[PDB]
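Asks: Below are the structure tokens for one structure; questions will follow.
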Amino acid sequence: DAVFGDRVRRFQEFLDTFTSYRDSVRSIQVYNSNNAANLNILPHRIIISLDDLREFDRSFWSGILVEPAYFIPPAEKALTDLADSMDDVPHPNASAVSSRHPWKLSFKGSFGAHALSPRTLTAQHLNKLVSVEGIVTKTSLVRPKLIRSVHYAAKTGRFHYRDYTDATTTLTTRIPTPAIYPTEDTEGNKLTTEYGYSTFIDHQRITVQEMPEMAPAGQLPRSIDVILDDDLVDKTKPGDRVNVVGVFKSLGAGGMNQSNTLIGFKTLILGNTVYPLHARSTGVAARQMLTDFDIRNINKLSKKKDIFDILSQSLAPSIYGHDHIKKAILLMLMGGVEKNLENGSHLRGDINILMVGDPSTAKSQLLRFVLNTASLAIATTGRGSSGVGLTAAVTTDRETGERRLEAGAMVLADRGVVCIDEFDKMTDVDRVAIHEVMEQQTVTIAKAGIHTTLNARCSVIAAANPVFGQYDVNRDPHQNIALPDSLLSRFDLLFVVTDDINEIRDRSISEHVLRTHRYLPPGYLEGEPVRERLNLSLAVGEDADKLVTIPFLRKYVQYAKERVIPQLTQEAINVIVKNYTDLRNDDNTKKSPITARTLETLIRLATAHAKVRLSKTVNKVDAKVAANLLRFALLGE
Amino acid sequence: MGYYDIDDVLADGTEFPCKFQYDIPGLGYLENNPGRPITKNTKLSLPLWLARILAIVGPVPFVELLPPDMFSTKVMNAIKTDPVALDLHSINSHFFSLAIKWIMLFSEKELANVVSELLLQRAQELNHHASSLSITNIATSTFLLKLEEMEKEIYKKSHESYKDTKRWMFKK
Amino acid sequence: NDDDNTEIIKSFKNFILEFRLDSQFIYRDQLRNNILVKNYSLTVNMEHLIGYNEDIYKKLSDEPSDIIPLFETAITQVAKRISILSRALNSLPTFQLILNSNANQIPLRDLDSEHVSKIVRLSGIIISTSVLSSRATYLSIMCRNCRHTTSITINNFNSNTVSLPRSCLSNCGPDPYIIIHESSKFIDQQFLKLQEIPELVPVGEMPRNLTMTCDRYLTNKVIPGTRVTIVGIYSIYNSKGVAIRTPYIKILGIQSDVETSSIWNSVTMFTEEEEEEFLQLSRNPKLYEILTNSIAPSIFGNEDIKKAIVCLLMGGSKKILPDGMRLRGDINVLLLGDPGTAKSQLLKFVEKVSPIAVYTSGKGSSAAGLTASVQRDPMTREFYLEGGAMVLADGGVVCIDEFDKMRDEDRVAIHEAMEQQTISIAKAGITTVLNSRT
Amino acid sequence: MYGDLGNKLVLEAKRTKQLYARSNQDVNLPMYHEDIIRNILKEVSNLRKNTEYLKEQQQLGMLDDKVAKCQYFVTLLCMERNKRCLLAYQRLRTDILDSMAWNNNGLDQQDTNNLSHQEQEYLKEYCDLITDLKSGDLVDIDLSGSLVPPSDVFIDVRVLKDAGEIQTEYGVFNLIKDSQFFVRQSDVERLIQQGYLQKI
Amino acid sequence: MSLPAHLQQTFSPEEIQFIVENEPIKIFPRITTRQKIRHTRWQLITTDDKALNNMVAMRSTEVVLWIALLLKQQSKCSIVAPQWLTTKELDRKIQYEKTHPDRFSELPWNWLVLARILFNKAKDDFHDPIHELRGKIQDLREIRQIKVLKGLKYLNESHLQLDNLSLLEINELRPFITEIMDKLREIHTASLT
DNA sequence: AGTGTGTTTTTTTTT
DNA sequence: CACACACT
Ligand SMILES: Nc1ncnc2c1ncn2[C@@H]1O[C@H](COP(=O)(O)OP(=O)(O)OP(O)(O)=S)[C@@H](O)[C@H]1O
Ligand SMILES: Nc1ncnc2c1ncn2[C@@H]1O[C@H](COP(=O)(O)OP(=O)(O)O)[C@@H](O)[C@H]1O
Ligand SMILES: [Mg+2]
Ligand SMILES: [Mg+2]
Ligand SMILES: [Zn+2]
């Protein structure tokens with residue numbers, strides 16, 4: 001332990017070098033204490049970048065990489081003793097004091113030399129801490145691990161704590177032991193096992209896969225499991241891009257028990273710290289940041305009436321025209337209020353729009369633009385997905401051993417904007433399933449043995465081609481699209497895209513494409529091949545942390561969903577009802593009797609229009625704008 | 001440095017972020033809007049060959065440069081973590097030249113120190129690769145990709161000397 | 001004999017150190033090369049070994065299984081002697097041997113019950129590649145109660161595996177030496193499966209396949225569906241039927257029967273010269289019509305058609321906009337016309353020209369998952385995603401037959417995938433999306 | 001943006017010099033890219049026109065030299081950048097010219113289409129100057145003499161192509177197709193210059 | 001052109017060979033150029049032909065290298081191996097190099113080129129078996145390269161010194177070394193005000 | 001008393 | 001890995 005003690009001393013010298021860390025720990029402890037007096041207790045997790053401490057000690061920083069299993073254990077021991085000597089509030093929660101709260105070490109930045117990828121991970125670099133960012137398909141459920149056993153015979157007055165770290169949490173590979181709890185203890189003592197004071201760490205077997213696009217053609221994504229034990233439990237859902245900082249470790253004796261003997265070795269990545277980054281193009285994990293500077297920004301424009309049109313223009317800058325369509329998709333993006341009632345009847349604030357368009361009307365790209373604009377962005381085509389699979393798969397999983405719920409899109413759909421393309425081609429069973437589950441925004445999932453009902457409230461855009469190649473006015477719209485009005489009425493907006501062509505507009509489209517094409521991508525050599533590289537992003541973890549820019553716009557609108565919650569206002573109410581007067585009984589045969597749905601649709605549309613204005617309540621301007629756009633869409637103009 | 005050097009001109013041409021400390025009319029053509037003049041406190045990328053002079057000209061410089069992400073702190077962090085690992089060409093095909101110009105403009109020893117260290121490490125690795133002779137390797141090509149063009153030239157000349165030697169002593 | 005074995009090791013190092021041609025010791029040359037780029041691997045030709053000394057080669061042939069580890073030890077000692085200053089375990093990873101035979105190749109079919117544990121030369125096409133599997137070059141253990149810690153350095157040159165240590169070995173138990181998997185050093189292994197010589201076409205015989213193993217400097221060299229001429233020792237191990245054990249091969253050298261180079265990492269094997277004449281052909285506009293005429297031999301004309309084919313194969317540039325959008329590069333050409341007009345013949349020729357994609361047919365391709373089929377894995381009841389044609393066609397210009405004869409409904413699923421240049425699947429609760437650059 | 005046109009020109013020139021340099025053998029001079037040259041010519045003319053507008057600009061109302069003269073100096077910067085780019089390209093061209101002259105006219109892109117007139121007579125007069133260096137003094141040594149050290153004067157050479165007899169200094173020599181001939185090094189070198197010999 | 005860029009950067013191995021050819025060397029004649037007191041003189045400006053007029057078959061004669069090689073091509077010349085070339089000297093130098101990883105041994109800079117040429121032609125006249133000599137000189141070359149590598153760890157922007165490095169190796173190393181060295185110098189100068 | 005040995009229907013996918 | 005049986 002002389003080298004162990006030396007590493008403890010060097011880590012202490014580190015803590016001395018960087019006050020901010022001990023300050024952060026101090027802030028953590030006071031956060032723990034006050035919240036304890038009051039919840040949401042953050043764990044004893046401490047985050048120190050690789051680029052940190054790299055300066056004062058090259059040797060220690062290197063040996064962390066070379067032999068993490070010998071560097072981090074003493075480092076965390078020193079972390080813990082420093083914290084408990086510096087928290088200075090030992091008395092409260094004396095029960096948990098004996099159970100002990102380990103202090104955990106995390107990291108920031110990219111190793112590069114160590115941190116490359118799951119596929120690039122090879123045995124040549126093993127027992128060394130690395131980091132990889134990947135998609136996780138499989139997540140194992142949590143199971144506590146009892147490493148410190150609390151057991152005691154009343155007569156002894158000793159309270160034996162037999163602590164066992166067999167395979168996972170241990171780094172020294174301590175010998176396996178069963179923790180029998182001998183009922184004789186040592187001196188024939190009953191040795192009652194005292195529940196509580198006993199450490200339990202909820203274990204996770206989480207396997208992470210590489211990018212399909214980073215994987216070369218014909219190569220399946222490379223998958224490797226990671227372990228999380230009541231320290232990093234459950235930030236991430238399956239199928240999310242996530243960066244994990246883990247050490248490459250082997251277990252199972254490599255399978256070389258006695259003889260077959262050519263079987264592979266059992267290895268696995270145990271990850272101390274994890275940085276989830278599932279945002280597209282390595283963004284902010286779909287979590288838009290916020291600053292008071294950005295807060296005060298935009299707002300002054302929101303007072304100006306033209307801001308809504310400016311936002312509409314900003315959308316799909318690669319597309320020409322479709323300004324009303326862009327306004328509609330903007331209204332889509334902003335989320336309406338889910339009105340709740342003291343019964344099973346809960347009003348939906350979700351926005352659902354159906355659109356029919358000729359092939360190559362950019363609507364597919366439009367759906368793609370909505371995708372890359374939305375946070376969740378659950379999108380597919382009519383042939384793209386299996387309806388049951390996307391809604392719910394009630395098949396069992398072999399590792400689980402019993403019947404499992406597997407909602408491909410539905411559970412992914414709820415609490416996020418979702419998309420669907422070519423719904424005419426979609427399986428009719430899926431169509432009738434989505435029918436009335438998107439109206440009620442909830443699915444009973446009572447199919448098969450499992451009957452648990454799970455909510456599915458989300459905003460959906462539909463882009464299905466006409467039955468004929470192009471919409472023919474001579475044919476009825478329902479002749480042009482075979483999709484029944486069932487839940488087709490339950491689309492808050494309906495859109496028809498016809499690729500009719502006029503010299504002025506044709507020139508406009510052509511010039512737009514000409515500008516988009518000759519334009520060399522930002523920077524780069526004019527004669528330079530496309531790179532679309534990995535960006536070699538060193539920043540990992542907290543290191544990663546009139547026209548308007550798009551991601552900035554997305555951050556603003558997300559901030560809006562967070563903040564702006566308008567309520568239906570009386571003058572807006574009167575405008576709405578005055579419209580509805582003739583809207584429900586319009587003499588013109590616009591087809592699709594609007595009924596009671598469209599009243600709620602326009603309510604939501606005016607609410608989101610107020611959200612554009614950032615007003616804490618709706619305004620009649622929102623109501624009349626929504627009515628104007630709705631009549632625009634319904635007339636087909 | 002050679003006045004007629006091609007890389008000299010190329011590095012000079014690269015635009016760099018410049019913040020306008022002056023609002024001077026008539027220079028709108030620099031923004032491709034000649035009618036609209038320059039306004040105060042505006043950041044704009046401008047060609048390096050223009051840029052360094054524009055920082056020079058000014059009392060208060062008329063236009064002020066911006067600290068490049070090209071020289072961002074994370075760049076030096078990545079360098080110090082592993083000089084070999086970084087793909088310099090991806091960062092730039094003229095990174096070393098740009099650093100030279102910046103240091104002549106701004107004598108930052110620490111930047112000079114880290115640049116020298118990176119150059120040294122890539123120099124040992126380049127010597128290893130050039131000394132390797134076919135009788136090609138994927139890792140050597142990957143390293144070539146990771147290197148700045150001028151580094152590639154050094155490798156080319158060194159490996160050329162190696163090949164001349166090996167053809168010389170091993171055969172008439 | 002251990003001293004005799006060391007003497008044989010010395011003889012082998014005398015081979016490598018004092019085998020030269022025209023004063024050139026090629027072995028030290030490749031040695032210093034593998035020092036400069038740290039590939040602990042060495043390539044040797046047995047013809048050279050015979051020329052220097054028949055006897056050592058014969059000793060090799062007698063029982064290569066244990067001769068090879070001695071040779072690896074000799075190479076490691078030689079590297080220590082050369083690349084490390086004099087008087088300056090796991091400090092230097094062991095070099096591993098690579099061999100090229102050039103002898104006859106017994107067919108995979110008609111392999112004898114003889115030749116067990118004998119070096120053999122063969123060829124076949126890969127049907128499957130395994131993921132990497134580490135192997136304990138060095139093993140770190142401790143005697144449990146005795147606390148005695150010891151080193152083990154096991155080679156993959158026996159049979160199956162060495163059993164765990166028994167007894168105290170300086171009671172501590174039948175296996176006191178508990179393996180501490182931190183100091184232990186591992187090297188990845190990969191398992192391979194060769195189809196028997198597609199050209200052999202044993203009439204009425206299902207193509208037999210054998211398993212192989214590859215070492216760290218042999219693994220991942222080649223992909224499935226690619227033919228390789230192999231030189232590895234015939235190998236036998238027990239699967240878990242009396243006295244019958246799994247036949248396989250431990251490879252000492254890998255050569256491509258298809259002879260096609262590996263995934264092109266932009267390393268110019270054509271070098272500056274060949275690309276220079278390539279640009280010269282690009283410089284001369286007449287060479288455009290040269291490529292036009294050359295395509296589709298015996299077609300007798302249709303030159304503008306061939307020009308269109310050349311342009312399509314040439315690949316449309318995919319531009320990625322700064323916006324979330326991205327200009328679609330590839331295009332898919334439609335072939336309509338009268339039958340018996342060499343159309344399918346031309347498609348086959350074009351696919352033969354460019355193997356980045358694979359020629360197929362509509363009926364031959366599974367209707368479900370043409371782009372990528374979903375199949376239930378034998379050892380996982382979950383229906384996994386199997387790469388369909390346009391997964392393979394992704395990154396390649398693909399020709400497929402009988403479009404009209406194909407059922408239309410799934411062909412609808414193809415236009416969306418090509419339009420997006422990806423393949424988005426949310427079926428069966430699996431939301432994987434794969435690129436389709438074809 | 002104005003030098004950006006020059007930037008493309010100099011990138012093209014660097015491509016050409018890389019193409020030539022990577023091949024030790026002679027590279028035929030690529031087509032003179034007078035398109036970009038003339039584009040820059042109009043740009044500089046219009047650049048000069050804008051400089052004149054700056055002078056007249058002031059004579060009228062742009063009298064704020066701090067601003068006007070700053071604008072004019074900037075123009076000067078742009079035009080100097082363009083000029084220096086053109087100088088670099090032209091110098092590279094001339095280096096290629098000198099290389100080819102030494103390798104072909106001195107050691108013995110033959111077509112001048114890739115080459116503009118001005119530089120055509122430039123290279124012709126440069127070759128004349130090389131001959132003048134050969135002329136008069138230093139006539140004893142070959143000004144374009146082989147830069148390889150001489151290995152052996154007497155070497156046997158097989159005739160690459162049959163071209164009949166060619167007179168040497170003292171020995172008759174018929175270039176009969178594929179005939180070995182073991183003689184001094186001067187004659188064999190000069191016939192290698194025409195390539196009629198081979199294999200060393 | 002006037003001079004190819006590669007040529008001006010460094011001396012070609014053939015130029016090194018020429019320079020070594022300009023060196024004198026000990027040989028044995030097989031012709032008595034001496035005329036009995038009881039023709040044509042060599043009359044060389046670059047080298048005293050008086051010695052050339054004075055050879056007697058099998059006697060101590062020193063001549064410049066290239067003429068020695070020329071006559072050795074003929075049957076009329078016998079070459080003398082250098083003393084350092086002797087296997088015992090080679091072994092001593094090897095032992096020295098192993099003894100002193102810091103520095104090199106005082107080899108005659110042209111020794112590499114000499115060994116090449118003699119192996120090319122003087123294979124006959126080596127008293128020691130030639131192959132062992134080839135192996136030993138190869139090993140010395142390897143050791144010198146390795147010692148260079150450790151020096152590469154210690155490359156400096158101020159001063160680089162090479163005590164006993166051969167002319168061949170320094171010539172082949174000069175381009176890369178000078179490029180790196182001058183780049184470091186430029187970096188430092190830019191750092192300086 | 002030696003020492004050995006055992007426990008973690010559905011749903012697409014064809015067709 | 002490690003604890004009830006069936007003799008060891
Ligand atoms: N213009 C032509 N020049 C040369 N051979 C031709 C020509 N047209 C047809 N052929 C021959 O006719 C054969 C018939 O074509 P196939 O390869 O069978 O496929 P195909 O032309 O697509 O016919 P279908 O439409 O599939 S029945 C070709 O293989 C050629 O050998
Ligand atoms: N108005 C438009 N402006 C720009 N591009 C357009 C426009 N309409 C269609 N496109 C182009 O049409 C192509 C196909 O569009 P897509 O999204 O597949 O059509 P659809 O609307 O039928 O789904 C894309 O390259 C898209 O940019
Ligand atoms: Mg579409
Ligand atoms: Mg056909
Ligand atoms: Zn023991």
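The chains in the structure tokens are called A, B, ... from first to last as shown; in each chain the residues are counted from 1, and the ligands are counted from 1 in the order shown.
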Please, which residues of region 147-275 of chain C, numbered as in this document, come out strand (DSSP E or B) from DSSP, as JSON, numbers by chain?
Replies: {"C": [149, 150, 151, 152, 178, 179, 185, 186, 187, 188, 189, 190, 191, 192, 193, 194, 195, 196, 209, 210, 211, 212, 213, 214, 227, 228, 229, 230, 231, 232, 233, 234, 235, 236, 237, 246, 247, 248, 249, 250, 251, 252, 253, 254, 255, 256]}
Asks: If you run DSSP on the backbone here, which positions in region 61-148 of chain D get helix (DSSP H, G or I)? Please write them as a PyMOL selection string.
Replies: chain D and resi 68-106+117-134
Asks: May I have the residues within 10 Å of residue 10 (chain F) as a PyMOL selection string, using only C-alpha atoms (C1' of nucleotides) and disregarding those fewer than 4 positions away in the same chain?
Replies: chain A and resi 393-396+403-404+448-449
Asks: Any chance you could export the current selection's N, CA and C atoms as a PDB file, in the first residue's frame?
Replies:
```
ATOM      1  N   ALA A 393     -44.425  -4.034 -29.214  1.00  0.00           N
ATOM      2  CA  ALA A 393     -44.128  -5.442 -29.447  1.00  0.00           C
ATOM      3  C   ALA A 393     -44.162  -6.151 -28.105  1.00  0.00           C
ATOM      4  N   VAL A 394     -45.123  -7.066 -27.945  1.00  0.00           N
ATOM      5  CA  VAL A 394     -45.334  -7.729 -26.665  1.00  0.00           C
ATOM      6  C   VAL A 394     -44.576  -9.051 -26.587  1.00  0.00           C
ATOM      7  N   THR A 395     -43.589  -9.261 -27.451  1.00  0.00           N
ATOM      8  CA  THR A 395     -42.815 -10.491 -27.394  1.00  0.00           C
ATOM      9  C   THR A 395     -41.905 -10.502 -26.169  1.00  0.00           C
ATOM     10  N   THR A 396     -41.509 -11.708 -25.775  1.00  0.00           N
ATOM     11  CA  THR A 396     -40.583 -11.881 -24.669  1.00  0.00           C
ATOM     12  C   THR A 396     -39.148 -11.613 -25.114  1.00  0.00           C
ATOM     13  N   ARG A 403     -42.362 -12.147 -20.849  1.00  0.00           N
ATOM     14  CA  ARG A 403     -42.953 -11.297 -21.874  1.00  0.00           C
ATOM     15  C   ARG A 403     -42.575  -9.834 -21.673  1.00  0.00           C
ATOM     16  N   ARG A 404     -42.169  -9.184 -22.761  1.00  0.00           N
ATOM     17  CA  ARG A 404     -41.607  -7.841 -22.722  1.00  0.00           C
ATOM     18  C   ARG A 404     -42.435  -6.877 -23.558  1.00  0.00           C
ATOM     19  N   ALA A 448     -52.276  -9.249 -25.473  1.00  0.00           N
ATOM     20  CA  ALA A 448     -51.591 -10.389 -24.874  1.00  0.00           C
ATOM     21  C   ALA A 448     -51.683 -10.349 -23.353  1.00  0.00           C
ATOM     22  N   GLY A 449     -50.690 -10.923 -22.675  1.00  0.00           N
ATOM     23  CA  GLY A 449     -50.763 -11.044 -21.228  1.00  0.00           C
ATOM     24  C   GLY A 449     -50.573  -9.724 -20.508  1.00  0.00           C
TER      25      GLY A 449
END
```
Asks: Find the residues around region 165-169 of chain B up to 9 Å (only C-alpha atoms (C1' of nucleotides) counted), leave out those fewer than 6 positions away in its own chain, and share them as a list in words.
Replies: residues 133 of chain B; 12, 13, 14, 112, 113, 116, 117, 168 and 172 of chain E
Asks: For chain D, which residues have at least one atom within 9 Å of chain C, if we go by only C-alpha atoms? Write them as a VMD selection string, please.
Replies: chain D and resid 19 22 to 23
Asks: When you get a sec, could you note down which chain C residues fall within 8 Å of chain E, using only C-alpha atoms, as a ChimeraX atom specification?
Replies: /C:18,23,82-86
Asks: Please produce a file of those selected residues containing N, CA, C and O atoms, as a PDB file, in the first residue's frame.
Replies:
```pdb
ATOM      1  N   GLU C  18      21.703 -14.239 -40.620  1.00  0.00           N
ATOM      2  CA  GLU C  18      22.649 -14.473 -41.702  1.00  0.00           C
ATOM      3  C   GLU C  18      22.024 -15.137 -42.917  1.00  0.00           C
ATOM      4  O   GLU C  18      22.663 -15.990 -43.542  1.00  0.00           O
ATOM      5  N   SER C  23      23.915  -9.138 -50.523  1.00  0.00           N
ATOM      6  CA  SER C  23      24.308  -8.467 -49.291  1.00  0.00           C
ATOM      7  C   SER C  23      23.096  -7.977 -48.512  1.00  0.00           C
ATOM      8  O   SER C  23      23.270  -7.388 -47.441  1.00  0.00           O
ATOM      9  N   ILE C  82      18.667  -6.375 -31.364  1.00  0.00           N
ATOM     10  CA  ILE C  82      18.942  -5.352 -32.364  1.00  0.00           C
ATOM     11  C   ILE C  82      18.416  -3.997 -31.907  1.00  0.00           C
ATOM     12  O   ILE C  82      19.195  -3.060 -31.713  1.00  0.00           O
ATOM     13  N   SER C  83      17.111  -3.888 -31.685  1.00  0.00           N
ATOM     14  CA  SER C  83      16.459  -2.599 -31.523  1.00  0.00           C
ATOM     15  C   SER C  83      16.575  -2.038 -30.114  1.00  0.00           C
ATOM     16  O   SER C  83      16.083  -0.935 -29.861  1.00  0.00           O
ATOM     17  N   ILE C  84      17.209  -2.760 -29.198  1.00  0.00           N
ATOM     18  CA  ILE C  84      17.396  -2.306 -27.828  1.00  0.00           C
ATOM     19  C   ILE C  84      18.886  -2.291 -27.535  1.00  0.00           C
ATOM     20  O   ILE C  84      19.600  -3.239 -27.879  1.00  0.00           O
ATOM     21  N   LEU C  85      19.351  -1.213 -26.911  1.00  0.00           N
ATOM     22  CA  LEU C  85      20.748  -1.128 -26.518  1.00  0.00           C
ATOM     23  C   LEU C  85      21.087  -2.232 -25.527  1.00  0.00           C
ATOM     24  O   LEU C  85      20.275  -2.592 -24.671  1.00  0.00           O
ATOM     25  N   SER C  86      22.291  -2.782 -25.658  1.00  0.00           N
ATOM     26  CA  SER C  86      22.755  -3.780 -24.708  1.00  0.00           C
ATOM     27  C   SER C  86      22.865  -3.164 -23.320  1.00  0.00           C
ATOM     28  O   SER C  86      23.192  -1.984 -23.176  1.00  0.00           O
TER      29      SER C  86
END
```
Asks: Would you give me, as a ChimeraX atom specification, the residues of chain D that come within 12 Å of chain E, using only C-alpha atoms?
Replies: /D:21-22,24-26,94-107,123,126-127,130,143-154
Asks: Could you list, as a list in words, the residues of chain F having an atom within 9 Å of chain C when counting only C-alpha atoms (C1' of nucleotides)?
Replies: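 Using only C-alpha atoms (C1' of nucleotides), chain F residues at most 9 Å from chain C: residues 11, 12, 13 and 14 of chain F.
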Asks: Could you give me the residues within 9 Å of ligand 1, counting only C-alpha atoms (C1' of nucleotides) and all ligand atoms, as a list in words?
Replies: residues 296, 297, 298, 299, 300, 301, 302, 335, 336, 337, 338, 339, 340, 341, 342, 343, 344, 345, 346, 347, 348, 401 and 402 of chain C
Asks: Find the residues around region 11-19 of chain B up to 10 Å (only C-alpha atoms (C1' of nucleotides) counted), leave out those fewer than 4 positions away in its own chain, and share them as a count of residues only.
Replies: 41
Asks: Specify as a ChimeraX atom specification all residues of chain B found within 7 Å of chain A, counting only C-alpha atoms.
Replies: /B:74,77-78,82,85
Asks: Could you name the residues that touch residue 76 (chain E) at 9 Å or less, counting only C-alpha atoms (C1' of nucleotides), but leaving out those on the same chain fewer than 5 positions away, as a PDB file with C-alpha atoms, in the first residue's frame?
Replies:
```pdb
ATOM      1  CA  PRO E  29      50.385  -3.810 -58.653  1.00  0.00           C
ATOM      2  CA  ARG E  30      50.494  -6.654 -61.101  1.00  0.00           C
ATOM      3  CA  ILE E  31      52.517  -4.542 -63.552  1.00  0.00           C
ATOM      4  CA  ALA E  57      54.034  -5.974 -59.509  1.00  0.00           C
ATOM      5  CA  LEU E  71      42.624  -1.250 -62.745  1.00  0.00           C
TER       6      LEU E  71
END
```
Asks: Kindly give the distance, in Å, that separates CA of residue 108 (chain B) and CA of residue 192 (chain E), rounded to a single decimal.
Replies: 9.0 Å
Asks: Please return, as a list in words, all residues of chain A lying within 12 Å of chain D when only C-alpha atoms are considered.
Replies: residues 525, 526, 527 and 528 of chain A
Asks: Since we have the selection now, will you write its residues out, keeping N, CA and C atoms, as a PDB file, in the first residue's frame?
Replies:
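File part-v2.pdb, as written:
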```pdb
ATOM      1  N   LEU A 525     -11.505  23.643 -48.909  1.00  0.00           N
ATOM      2  CA  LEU A 525     -11.001  23.984 -50.229  1.00  0.00           C
ATOM      3  C   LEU A 525     -12.119  23.846 -51.254  1.00  0.00           C
ATOM      4  N   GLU A 526     -12.104  24.724 -52.259  1.00  0.00           N
ATOM      5  CA  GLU A 526     -13.113  24.650 -53.311  1.00  0.00           C
ATOM      6  C   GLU A 526     -13.043  23.312 -54.033  1.00  0.00           C
ATOM      7  N   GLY A 527     -11.834  22.852 -54.338  1.00  0.00           N
ATOM      8  CA  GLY A 527     -11.632  21.507 -54.834  1.00  0.00           C
ATOM      9  C   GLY A 527     -11.281  20.536 -53.725  1.00  0.00           C
ATOM     10  N   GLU A 528     -12.165  20.388 -52.740  1.00  0.00           N
ATOM     11  CA  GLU A 528     -11.916  19.482 -51.630  1.00  0.00           C
ATOM     12  C   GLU A 528     -13.027  18.449 -51.516  1.00  0.00           C
TER      13      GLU A 528
END
```
Asks: As a list in words, please: every protein or nucleic acid residue near ligand 5 (cut-off 10 Å, counting only C-alpha atoms (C1' of nucleotides) and all ligand atoms).
Replies: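 Those residues are residues 142, 143, 144, 145, 146, 147, 148, 149, 166, 167, 168, 169, 170, 171, 172, 173, 175, 176 and 177 of chain C.
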Asks: Show me which residues line ligand 3, defined as having an atom within 12 Å of a ligand atom where only C-alpha atoms (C1' of nucleotides) and all ligand atoms count, and present them as number ranges by chain.
Replies: A: 355-368, 380-384, 420-425, 462-466, 469, 497; C: 412-420
Asks: Up to 8 Å from chain A, what residues of chain C turn up? Count only C-alpha atoms and give them as a ChimeraX atom specification.
Replies: /C:132-136,144,160-164,178-182,186-189,237-240,318-325,327,380-382,387,391-392,394-395,410,412-413,416,424-431,433-435
Asks: Looking at only C-alpha atoms, which of B:21, B:90, B:32, B:134 is the one that sits closest to chain D?
Replies: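 Closest to chain D, using only C-alpha atoms: B:32.
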